[PDB]
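Structure data (compact mmCIF, C-alpha atoms and all ligand atoms) from query25.txt:
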```txt
# COMPACT_ATOMS: atom_id res chain seq x y z
CA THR A 4 110.23 56.08 80.59
CA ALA A 5 108.55 55.51 83.91
CA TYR A 6 105.43 54.09 85.45
CA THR A 7 103.24 54.38 88.47
CA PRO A 8 103.20 51.45 90.90
CA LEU A 9 99.78 50.69 89.46
CA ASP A 10 101.22 50.36 85.96
CA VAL A 11 103.78 47.85 87.17
CA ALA A 12 101.16 45.83 89.00
CA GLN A 13 99.04 45.76 85.95
CA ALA A 14 102.10 44.68 83.94
CA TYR A 15 102.54 41.82 86.45
CA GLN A 16 98.78 41.07 86.38
CA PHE A 17 98.23 41.54 90.17
CA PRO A 18 94.81 40.07 91.11
CA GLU A 19 92.03 42.63 91.17
CA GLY A 20 89.50 42.89 93.98
CA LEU A 21 92.20 42.74 96.67
CA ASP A 22 93.39 45.81 98.54
CA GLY A 23 95.28 43.94 101.27
CA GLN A 24 92.71 44.74 103.94
CA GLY A 25 93.05 42.86 107.20
CA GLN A 26 96.77 42.48 106.49
CA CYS A 27 99.50 44.41 108.17
CA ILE A 28 102.71 44.98 106.25
CA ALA A 29 105.87 45.83 108.11
CA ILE A 30 108.65 47.90 106.66
CA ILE A 31 112.20 48.20 107.98
CA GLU A 32 113.82 51.61 107.94
CA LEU A 33 117.35 52.44 108.97
CA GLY A 34 117.08 56.23 109.22
CA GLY A 35 115.39 59.08 107.35
CA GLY A 36 111.65 59.45 107.63
CA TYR A 37 108.27 60.05 106.03
CA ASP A 38 105.69 62.86 106.13
CA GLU A 39 102.19 61.36 106.72
CA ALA A 40 99.99 63.97 105.10
CA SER A 41 102.42 64.09 102.22
CA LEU A 42 102.03 60.36 101.58
CA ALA A 43 98.28 60.85 101.84
CA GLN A 44 98.63 63.33 98.94
CA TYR A 45 100.61 60.99 96.77
CA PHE A 46 97.99 58.25 96.93
CA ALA A 47 95.18 60.74 96.15
CA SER A 48 96.94 61.71 92.92
CA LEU A 49 97.17 58.02 92.12
CA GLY A 50 93.50 57.92 92.96
CA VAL A 51 93.94 55.39 95.79
CA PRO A 52 92.78 55.40 99.41
CA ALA A 53 95.58 56.54 101.66
CA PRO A 54 96.61 53.55 103.76
CA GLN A 55 96.88 53.79 107.51
CA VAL A 56 100.58 54.08 108.42
CA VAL A 57 102.38 53.86 111.80
CA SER A 58 105.93 54.53 112.96
CA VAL A 59 107.64 52.41 115.61
CA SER A 60 110.68 53.60 117.43
CA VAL A 61 113.41 51.05 117.69
CA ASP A 62 116.47 51.44 119.87
CA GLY A 63 115.85 55.13 120.39
CA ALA A 64 115.35 55.84 116.67
CA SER A 65 112.31 57.29 114.94
CA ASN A 66 110.53 58.85 111.94
CA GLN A 67 112.84 61.80 111.27
CA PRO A 68 112.78 63.06 107.70
CA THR A 69 115.91 65.11 106.96
CA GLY A 70 114.53 66.65 103.71
CA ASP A 71 117.25 65.20 101.54
CA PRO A 72 115.53 63.26 98.82
CA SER A 73 118.78 61.48 98.08
CA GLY A 74 119.27 60.71 101.78
CA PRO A 75 117.35 57.97 103.63
CA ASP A 76 114.02 59.77 103.02
CA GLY A 77 114.06 58.65 99.40
CA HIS A 78 114.43 55.11 100.64
CA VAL A 79 111.67 55.36 103.26
CA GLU A 80 109.10 56.98 101.01
CA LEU A 81 109.76 54.82 98.00
CA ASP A 82 109.05 51.87 100.29
CA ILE A 83 105.72 53.17 101.55
CA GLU A 84 104.52 54.67 98.24
CA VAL A 85 105.25 51.58 96.19
CA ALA A 86 103.67 49.09 98.65
CA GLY A 87 101.10 51.60 99.99
CA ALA A 88 99.81 52.17 96.50
CA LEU A 89 99.28 48.47 95.78
CA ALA A 90 98.00 47.26 99.10
CA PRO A 91 96.13 50.38 100.30
CA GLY A 92 93.61 48.47 102.40
CA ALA A 93 96.43 47.11 104.49
CA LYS A 94 97.79 48.67 107.69
CA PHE A 95 101.45 49.79 107.32
CA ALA A 96 104.03 49.47 110.13
CA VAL A 97 107.42 51.16 109.73
CA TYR A 98 110.21 50.31 112.14
CA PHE A 99 113.05 52.82 112.38
CA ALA A 100 116.34 51.62 113.91
CA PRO A 101 119.90 53.07 113.91
CA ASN A 102 121.87 52.21 110.76
CA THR A 103 123.66 49.24 112.31
CA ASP A 104 123.96 45.51 112.53
CA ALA A 105 122.23 45.58 115.90
CA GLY A 106 119.58 48.19 115.04
CA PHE A 107 118.81 46.33 111.82
CA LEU A 108 118.41 43.16 113.84
CA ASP A 109 116.25 44.72 116.56
CA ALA A 110 114.05 46.25 113.88
CA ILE A 111 113.49 42.89 112.14
CA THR A 112 112.94 41.05 115.45
CA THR A 113 110.55 43.70 116.76
CA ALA A 114 108.32 43.74 113.68
CA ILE A 115 108.32 39.97 113.42
CA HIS A 116 107.32 39.56 117.10
CA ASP A 117 105.08 42.66 117.34
CA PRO A 118 102.12 41.52 119.40
CA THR A 119 99.98 44.51 118.39
CA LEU A 120 100.46 45.47 114.68
CA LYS A 121 101.03 41.81 113.89
CA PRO A 122 102.50 42.07 110.38
CA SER A 123 102.06 39.07 108.04
CA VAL A 124 104.73 40.24 105.59
CA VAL A 125 108.02 41.96 106.16
CA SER A 126 109.59 44.08 103.42
CA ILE A 127 113.29 44.86 103.77
CA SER A 128 115.23 47.07 101.39
CA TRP A 129 118.47 47.40 103.41
CA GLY A 130 121.52 45.17 103.33
CA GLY A 131 125.25 44.64 102.88
CA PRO A 132 127.33 41.93 101.19
CA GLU A 133 127.15 38.77 103.30
CA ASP A 134 130.90 38.53 104.00
CA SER A 135 130.77 41.88 105.86
CA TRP A 136 128.35 40.70 108.56
CA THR A 137 129.57 39.39 111.91
CA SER A 138 128.92 35.75 112.72
CA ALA A 139 126.74 36.86 115.55
CA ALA A 140 124.63 39.16 113.39
CA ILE A 141 124.31 36.52 110.76
CA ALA A 142 123.27 34.00 113.30
CA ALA A 143 120.74 36.16 115.10
CA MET A 144 119.41 37.37 111.74
CA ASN A 145 118.72 33.82 110.51
CA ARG A 146 117.30 32.99 113.91
CA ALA A 147 114.87 35.83 113.32
CA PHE A 148 113.93 34.74 109.75
CA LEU A 149 113.38 31.27 111.08
CA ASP A 150 111.08 32.87 113.66
CA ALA A 151 109.25 34.64 110.82
CA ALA A 152 108.51 31.40 108.89
CA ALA A 153 107.20 29.78 112.07
CA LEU A 154 104.86 32.68 112.78
CA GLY A 155 103.57 32.55 109.20
CA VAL A 156 105.37 35.73 108.23
CA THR A 157 106.59 36.40 104.71
CA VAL A 158 109.94 38.17 104.67
CA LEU A 159 111.08 39.87 101.42
CA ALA A 160 114.49 41.45 100.79
CA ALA A 161 115.92 43.62 98.07
CA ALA A 162 118.94 41.83 96.66
CA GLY A 163 120.97 45.03 95.99
CA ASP A 164 121.71 47.62 93.32
CA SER A 165 125.40 47.05 92.63
CA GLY A 166 125.50 44.08 90.29
CA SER A 167 127.20 40.80 90.98
CA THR A 168 129.95 42.42 93.03
CA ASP A 169 127.59 44.23 95.39
CA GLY A 170 129.75 47.32 95.90
CA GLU A 171 132.34 45.12 97.60
CA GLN A 172 135.23 46.24 95.28
CA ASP A 173 137.86 43.55 95.93
CA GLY A 174 137.64 41.71 92.63
CA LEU A 175 135.44 38.84 93.85
CA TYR A 176 131.70 38.23 93.29
CA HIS A 177 129.45 38.84 96.31
CA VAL A 178 125.75 38.57 97.20
CA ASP A 179 123.97 40.66 99.79
CA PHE A 180 122.52 39.75 103.19
CA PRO A 181 119.72 39.45 104.13
CA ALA A 182 118.82 38.59 100.49
CA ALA A 183 121.19 35.57 100.66
CA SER A 184 119.29 33.99 103.57
CA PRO A 185 117.28 31.01 102.27
CA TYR A 186 114.47 32.02 104.66
CA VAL A 187 114.08 35.22 102.76
CA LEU A 188 112.22 35.99 99.55
CA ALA A 189 115.13 37.62 97.60
CA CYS A 190 113.98 40.23 95.03
CA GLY A 191 116.22 41.05 92.04
CA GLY A 192 115.68 43.80 89.46
CA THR A 193 114.86 44.14 85.81
CA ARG A 194 114.13 46.64 83.03
CA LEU A 195 110.43 46.38 82.18
CA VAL A 196 109.06 47.55 78.85
CA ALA A 197 105.32 47.16 79.02
CA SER A 198 102.07 48.54 77.73
CA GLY A 199 98.42 47.84 78.16
CA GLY A 200 99.12 45.19 80.73
CA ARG A 201 101.12 43.20 78.24
CA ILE A 202 104.84 42.86 78.78
CA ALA A 203 106.89 43.79 75.73
CA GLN A 204 110.36 43.28 77.10
CA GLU A 205 111.68 42.33 80.51
CA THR A 206 115.51 42.11 80.81
CA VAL A 207 118.07 42.13 83.63
CA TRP A 208 118.67 45.53 85.16
CA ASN A 209 122.22 46.68 84.29
CA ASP A 210 122.97 50.36 83.54
CA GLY A 211 126.68 49.82 84.25
CA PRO A 212 129.15 50.69 86.99
CA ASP A 213 127.41 54.03 87.55
CA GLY A 214 123.80 53.24 86.59
CA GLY A 215 123.34 50.36 89.03
CA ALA A 216 122.55 46.72 88.37
CA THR A 217 120.50 44.11 90.14
CA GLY A 218 122.33 42.12 92.82
CA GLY A 219 122.42 38.38 92.28
CA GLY A 220 124.56 35.24 92.38
CA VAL A 221 125.42 32.39 94.76
CA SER A 222 126.09 32.63 98.48
CA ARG A 223 129.30 31.00 99.66
CA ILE A 224 127.92 31.11 103.17
CA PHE A 225 124.47 29.48 102.94
CA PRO A 226 124.34 26.17 101.18
CA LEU A 227 122.05 25.29 98.34
CA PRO A 228 118.62 24.67 99.89
CA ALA A 229 116.84 21.45 99.02
CA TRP A 230 114.19 23.43 97.13
CA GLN A 231 116.75 24.95 94.77
CA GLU A 232 118.08 21.58 93.57
CA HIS A 233 116.10 21.65 90.35
CA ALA A 234 116.79 25.35 89.62
CA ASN A 235 120.16 24.64 88.08
CA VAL A 236 122.10 26.98 90.33
CA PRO A 237 125.74 27.28 89.31
CA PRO A 238 128.63 27.21 91.77
CA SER A 239 129.89 30.61 92.79
CA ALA A 240 131.93 32.27 90.11
CA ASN A 241 134.62 33.03 92.69
CA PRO A 242 137.67 30.70 92.77
CA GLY A 243 136.83 27.52 94.72
CA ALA A 244 133.48 27.04 92.97
CA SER A 245 131.46 26.24 96.06
CA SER A 246 127.81 25.25 96.16
CA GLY A 247 125.36 27.81 97.58
CA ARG A 248 122.04 29.55 97.84
CA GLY A 249 121.21 31.07 94.43
CA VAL A 250 120.13 34.71 94.77
CA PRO A 251 117.46 36.07 93.89
CA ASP A 252 114.16 34.18 94.09
CA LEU A 253 112.13 36.69 92.09
CA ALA A 254 112.86 39.84 90.07
CA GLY A 255 110.87 42.96 89.01
CA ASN A 256 111.17 46.47 87.55
CA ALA A 257 114.02 48.42 89.11
CA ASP A 258 115.73 50.13 86.22
CA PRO A 259 115.62 53.88 86.90
CA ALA A 260 115.39 54.46 83.08
CA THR A 261 111.94 52.80 83.35
CA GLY A 262 111.37 53.84 86.93
CA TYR A 263 108.69 54.63 89.42
CA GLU A 264 106.95 58.00 89.40
CA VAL A 265 107.12 59.11 92.97
CA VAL A 266 107.00 62.07 95.30
CA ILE A 267 109.95 62.27 97.69
CA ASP A 268 110.18 65.18 100.18
CA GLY A 269 107.83 67.23 98.04
CA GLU A 270 109.44 66.68 94.64
CA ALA A 271 108.14 64.80 91.69
CA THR A 272 110.74 62.36 90.49
CA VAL A 273 111.37 59.01 88.79
CA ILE A 274 113.33 56.46 90.82
CA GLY A 275 114.05 52.70 90.56
CA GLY A 276 116.33 50.14 92.23
CA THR A 277 115.68 46.84 93.93
CA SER A 278 114.46 48.62 97.04
CA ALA A 279 111.20 49.13 95.16
CA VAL A 280 110.65 45.46 94.24
CA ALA A 281 110.45 44.00 97.71
CA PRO A 282 107.70 46.51 98.77
CA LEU A 283 106.08 45.76 95.45
CA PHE A 284 106.00 42.02 96.07
CA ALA A 285 105.05 42.74 99.61
CA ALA A 286 101.76 44.20 98.32
CA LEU A 287 101.11 41.14 96.09
CA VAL A 288 101.54 38.75 99.07
CA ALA A 289 99.17 40.84 101.18
CA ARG A 290 96.58 40.69 98.38
CA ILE A 291 97.04 36.95 98.24
CA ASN A 292 96.85 36.56 102.02
CA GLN A 293 93.57 38.50 101.88
CA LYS A 294 92.05 36.25 99.24
CA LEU A 295 92.91 33.02 101.07
CA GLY A 296 91.98 34.16 104.56
CA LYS A 297 95.35 32.90 105.72
CA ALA A 298 98.88 34.38 105.72
CA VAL A 299 101.08 32.46 103.24
CA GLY A 300 104.25 32.90 105.32
CA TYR A 301 107.39 31.27 103.90
CA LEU A 302 106.95 30.79 100.12
CA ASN A 303 110.40 29.78 98.92
CA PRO A 304 109.88 26.01 98.87
CA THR A 305 106.44 26.40 97.28
CA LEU A 306 107.67 28.84 94.66
CA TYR A 307 110.25 26.44 93.40
CA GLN A 308 107.68 23.68 92.96
CA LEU A 309 104.99 25.68 91.15
CA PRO A 310 104.64 25.47 87.35
CA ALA A 311 107.09 27.70 85.56
CA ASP A 312 104.16 29.41 83.81
CA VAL A 313 103.37 31.05 87.11
CA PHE A 314 106.28 33.30 86.20
CA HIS A 315 107.37 35.57 83.38
CA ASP A 316 110.82 34.16 82.69
CA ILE A 317 113.63 36.65 82.14
CA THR A 318 116.20 35.36 79.67
CA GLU A 319 118.32 38.36 78.48
CA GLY A 320 121.05 40.42 80.21
CA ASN A 321 123.65 40.01 83.02
CA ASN A 322 124.30 41.82 86.34
CA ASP A 323 128.05 42.32 85.95
CA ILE A 324 129.12 45.89 86.43
CA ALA A 325 132.61 44.95 87.26
CA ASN A 326 133.80 43.51 84.04
CA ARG A 327 132.96 41.98 80.68
CA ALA A 328 132.86 38.50 82.05
CA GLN A 329 129.05 38.62 81.98
CA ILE A 330 128.94 37.21 85.49
CA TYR A 331 126.14 36.45 86.23
CA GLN A 332 123.90 35.99 83.21
CA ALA A 333 120.19 35.55 82.67
CA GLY A 334 118.84 32.43 80.96
CA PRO A 335 116.00 29.89 80.80
CA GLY A 336 114.17 29.27 84.11
CA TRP A 337 116.04 30.18 87.31
CA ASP A 338 119.10 32.42 86.84
CA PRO A 339 121.30 34.30 89.36
CA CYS A 340 120.17 37.64 87.98
CA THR A 341 116.37 37.47 88.17
CA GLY A 342 115.59 34.18 89.82
CA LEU A 343 112.41 32.50 88.70
CA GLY A 344 111.59 35.87 87.02
CA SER A 345 108.64 38.27 87.45
CA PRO A 346 105.58 36.72 89.14
CA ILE A 347 102.26 36.65 87.29
CA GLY A 348 99.79 37.80 89.89
CA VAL A 349 96.62 35.93 88.94
CA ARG A 350 98.76 32.85 88.21
CA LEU A 351 100.55 32.91 91.61
CA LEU A 352 97.26 33.28 93.38
CA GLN A 353 95.45 30.60 91.37
CA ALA A 354 98.22 28.16 92.17
CA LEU A 355 97.81 28.95 95.88
CA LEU A 356 94.08 28.52 96.21
CA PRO A 357 93.52 25.21 98.01
CA CA B 1 115.37 33.26 83.51
```

Could you express the structure from this file as structure tokens?
Amino acid sequence: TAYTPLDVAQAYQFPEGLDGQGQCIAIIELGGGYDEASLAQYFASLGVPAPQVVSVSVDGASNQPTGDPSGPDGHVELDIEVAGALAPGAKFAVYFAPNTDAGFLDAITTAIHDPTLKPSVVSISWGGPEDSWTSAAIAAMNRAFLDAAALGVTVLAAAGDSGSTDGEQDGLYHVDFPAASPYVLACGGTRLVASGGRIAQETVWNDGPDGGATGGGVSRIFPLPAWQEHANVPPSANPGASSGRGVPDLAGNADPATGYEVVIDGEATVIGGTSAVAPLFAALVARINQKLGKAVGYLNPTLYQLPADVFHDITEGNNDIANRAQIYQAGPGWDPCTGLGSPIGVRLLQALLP
């Protein structure tokens, strides 16, 4: 199967009447590139206004599509098409930086502080397991997310496509950064079966070692935040059992099997992965900021205090691609596969009207 971004949104009941207008959404890109007119073509087919999109060169990098769908272009255009389709009245801001610790950082800090585009939400679909980041990068990164929160900016982050071990093949369980940061809205992945706006089934994304699986777990670097105390986060599965930030916060369709119908470098194709969820939730936020007349910024503490019925709870599956230990597994309420679960659009917004 497969769906357009609009089908997913309708599955998650995104609130109607909101196009994200007046909201600028930033997107972080670590290479590759998009073709403007081509994007403008994709939206038309979806029957949506083509959003205004701008490229910002960071550290000497820029919008440079290579033509390889499977290269960074697939990543760039999936980001813009998924969020562009759902918040088309919003201005889009794409920061390209070199694929590095530093370039990643300067991209995040430039968007966050950008005195002209002024993004209210930041969608990030890049990362690496948190134990592979320097201390310096980790510190500057959190300093930047802190800065986000303070400026009223909502930062979302894909939590990874390589199950509970995150492609760090050493036998232990690992979560990705920046999803692990508590200042970030960590986005996991699921397999959505849905029709007519009603969700039939929504399970943890896990197509095995080779099909990809949502990232998810418990950070042994960032401690359990106060707001996760009632979420029933388990200690890390790794030996030592320490206490830590449960990853993700929210989850949404990412299974390629039930993927997104896109157009990447001219070809029609169906792709999934968690790098689609963060731009997806990025559009929801923008619609909500639009409704309230104010940017919602940092949501994490709020989210964990809202009524559970604000979310579609995912209770079946596990994100273990490494073994048959079923680490970690989905369950009632918060779980280290899907978080609180998939947000219910109208419900999220209702609970945020003051
Ligand atoms: Ca659950």

Residues within 9 Å of residue 12 in chain A, all atoms listed in the file, excluding chain neighbours under 3 positions, as a list in words =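 So the residues in contact are residues 7, 8, 9, 15, 16, 17, 18, 89, 200, 283, 287 and 348 of chain A.
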
Residue 120 in chain A environment, 10 Å, all atoms listed in the file, sequence neighbours closer than 4 positions dropped, as a PDB file with C-alpha atoms, in the frame of the given file:
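The result, written out as selection20.pdb:
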```
ATOM      1  CA  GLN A  26      96.770  42.480 106.490  1.00  0.00           C
ATOM      2  CA  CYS A  27      99.500  44.410 108.170  1.00  0.00           C
ATOM      3  CA  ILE A  28     102.710  44.980 106.250  1.00  0.00           C
ATOM      4  CA  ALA A  29     105.870  45.830 108.110  1.00  0.00           C
ATOM      5  CA  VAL A  57     102.380  53.860 111.800  1.00  0.00           C
ATOM      6  CA  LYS A  94      97.790  48.670 107.690  1.00  0.00           C
ATOM      7  CA  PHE A  95     101.450  49.790 107.320  1.00  0.00           C
ATOM      8  CA  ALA A  96     104.030  49.470 110.130  1.00  0.00           C
ATOM      9  CA  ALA A 114     108.320  43.740 113.680  1.00  0.00           C
ATOM     10  CA  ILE A 115     108.320  39.970 113.420  1.00  0.00           C
ATOM     11  CA  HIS A 116     107.320  39.560 117.100  1.00  0.00           C
TER      12      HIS A 116
END
```

Starting from 5 Å padding per side, set up an axis-aligned box that covers all listed atoms of range 267-279 of chain A and hand over centre and edge lengths in Å, one decimal, as JSON.
```
{"center_x": 112.1, "center_y": 57.0, "center_z": 94.5, "size_x": 18.5, "size_y": 30.4, "size_z": 21.4}
```

Residues within 10 Å of ligand CA 1 (chain B) (only C-alpha atoms and all ligand atoms), as a list in words?
->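 My answer, listing the contacting residues, is residues 206, 207, 253, 254, 314, 315, 316, 317, 318, 319, 320, 332, 333, 334, 335, 336, 337, 338, 339, 340, 341, 342, 343, 344 and 345 of chain A.
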
Export of prior selection with C-alpha atoms as a PDB file, keeping the file's coordinate frame:
```
ATOM      1  CA  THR A 206     115.510  42.110  80.810  1.00  0.00           C
ATOM      2  CA  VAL A 207     118.070  42.130  83.630  1.00  0.00           C
ATOM      3  CA  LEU A 253     112.130  36.690  92.090  1.00  0.00           C
ATOM      4  CA  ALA A 254     112.860  39.840  90.070  1.00  0.00           C
ATOM      5  CA  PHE A 314     106.280  33.300  86.200  1.00  0.00           C
ATOM      6  CA  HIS A 315     107.370  35.570  83.380  1.00  0.00           C
ATOM      7  CA  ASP A 316     110.820  34.160  82.690  1.00  0.00           C
ATOM      8  CA  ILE A 317     113.630  36.650  82.140  1.00  0.00           C
ATOM      9  CA  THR A 318     116.200  35.360  79.670  1.00  0.00           C
ATOM     10  CA  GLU A 319     118.320  38.360  78.480  1.00  0.00           C
ATOM     11  CA  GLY A 320     121.050  40.420  80.210  1.00  0.00           C
ATOM     12  CA  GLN A 332     123.900  35.990  83.210  1.00  0.00           C
ATOM     13  CA  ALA A 333     120.190  35.550  82.670  1.00  0.00           C
ATOM     14  CA  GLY A 334     118.840  32.430  80.960  1.00  0.00           C
ATOM     15  CA  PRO A 335     116.000  29.890  80.800  1.00  0.00           C
ATOM     16  CA  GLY A 336     114.170  29.270  84.110  1.00  0.00           C
ATOM     17  CA  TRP A 337     116.040  30.180  87.310  1.00  0.00           C
ATOM     18  CA  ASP A 338     119.100  32.420  86.840  1.00  0.00           C
ATOM     19  CA  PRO A 339     121.300  34.300  89.360  1.00  0.00           C
ATOM     20  CA  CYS A 340     120.170  37.640  87.980  1.00  0.00           C
ATOM     21  CA  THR A 341     116.370  37.470  88.170  1.00  0.00           C
ATOM     22  CA  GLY A 342     115.590  34.180  89.820  1.00  0.00           C
ATOM     23  CA  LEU A 343     112.410  32.500  88.700  1.00  0.00           C
ATOM     24  CA  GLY A 344     111.590  35.870  87.020  1.00  0.00           C
ATOM     25  CA  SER A 345     108.640  38.270  87.450  1.00  0.00           C
TER      26      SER A 345
END
```

When you draw a straight line from CA of residue 50 in chain A to CA of residue 281 in chain A, how long is it in Å?
->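 Taking CA of residue 50 in chain A as the start and CA of residue 281 in chain A as the end point, the length is 22.4 Å.
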
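Residue nearest residue 149 in chain A, chosen from A:237, A:185, A:243, A:357 and counting only C-alpha atoms: A:185.
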
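Using only C-alpha atoms, the shortest contact distance between residue 280 in chain A and any of A:199, A:300, A:219, A:191 is found at A:191.
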
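CA of residue 34 in chain A to CA of residue 264 in chain A spans 22.3 Å [interatomic distance, one decimal].
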
Interatomic distance, CA of residue 71 in chain A to CA of residue 278 in chain A (Å, one decimal) | 17.4 Å

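Distance annotation: of A:244, A:355, A:262, A:175, the residue with the minimal separation from residue 197 in chain A is A:262; atom set is only C-alpha atoms.
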
Hey, which of A:305, A:322, A:277, A:272 ends up closest to residue 212 in chain A? Count only C-alpha atoms.
-> A:322

Rank A:192, A:166, A:131, A:310 by their smallest atom-to-atom distance to residue 330 in chain A, using all atoms listed in the file, and report the top residue only.
-> A:166

Return the single residue from A:66, A:41, A:291, A:268 that is closest to residue 19 in chain A, with distances computed using only C-alpha atoms.
->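 Counting only C-alpha atoms, the residue closest to residue 19 in chain A is A:291.
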
Mind checking which residues fall within 12 Å of residue 282 in chain A, counting only C-alpha atoms, ignoring those fewer than 4 positions away in the same chain, and posting them as number ranges by chain?
-> A: 8, 12, 28-31, 78-90, 95, 97, 124-129, 157-161, 188-190, 255-257, 276-278, 286-289

For residue 67 in chain A: contacts at 12 Å, all atoms listed in the file, fewer than 3 positions along chain excluded, given as a PDB file with C-alpha atoms, keeping the file's coordinate frame:
```pdb
ATOM      1  CA  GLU A  32     113.820  51.610 107.940  1.00  0.00           C
ATOM      2  CA  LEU A  33     117.350  52.440 108.970  1.00  0.00           C
ATOM      3  CA  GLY A  34     117.080  56.230 109.220  1.00  0.00           C
ATOM      4  CA  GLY A  35     115.390  59.080 107.350  1.00  0.00           C
ATOM      5  CA  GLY A  36     111.650  59.450 107.630  1.00  0.00           C
ATOM      6  CA  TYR A  37     108.270  60.050 106.030  1.00  0.00           C
ATOM      7  CA  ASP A  38     105.690  62.860 106.130  1.00  0.00           C
ATOM      8  CA  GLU A  39     102.190  61.360 106.720  1.00  0.00           C
ATOM      9  CA  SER A  58     105.930  54.530 112.960  1.00  0.00           C
ATOM     10  CA  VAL A  59     107.640  52.410 115.610  1.00  0.00           C
ATOM     11  CA  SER A  60     110.680  53.600 117.430  1.00  0.00           C
ATOM     12  CA  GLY A  63     115.850  55.130 120.390  1.00  0.00           C
ATOM     13  CA  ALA A  64     115.350  55.840 116.670  1.00  0.00           C
ATOM     14  CA  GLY A  70     114.530  66.650 103.710  1.00  0.00           C
ATOM     15  CA  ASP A  71     117.250  65.200 101.540  1.00  0.00           C
ATOM     16  CA  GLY A  74     119.270  60.710 101.780  1.00  0.00           C
ATOM     17  CA  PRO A  75     117.350  57.970 103.630  1.00  0.00           C
ATOM     18  CA  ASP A  76     114.020  59.770 103.020  1.00  0.00           C
ATOM     19  CA  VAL A  79     111.670  55.360 103.260  1.00  0.00           C
ATOM     20  CA  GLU A  80     109.100  56.980 101.010  1.00  0.00           C
ATOM     21  CA  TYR A  98     110.210  50.310 112.140  1.00  0.00           C
ATOM     22  CA  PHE A  99     113.050  52.820 112.380  1.00  0.00           C
ATOM     23  CA  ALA A 100     116.340  51.620 113.910  1.00  0.00           C
ATOM     24  CA  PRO A 101     119.900  53.070 113.910  1.00  0.00           C
ATOM     25  CA  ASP A 268     110.180  65.180 100.180  1.00  0.00           C
TER      26      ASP A 268
END
```

Mind checking which residues fall within 7 Å of residue 301 in chain A, counting all atoms listed in the file, ignoring those fewer than 3 positions away in the same chain, and posting them as a ChimeraX atom specification?
-> /A:152,155-157
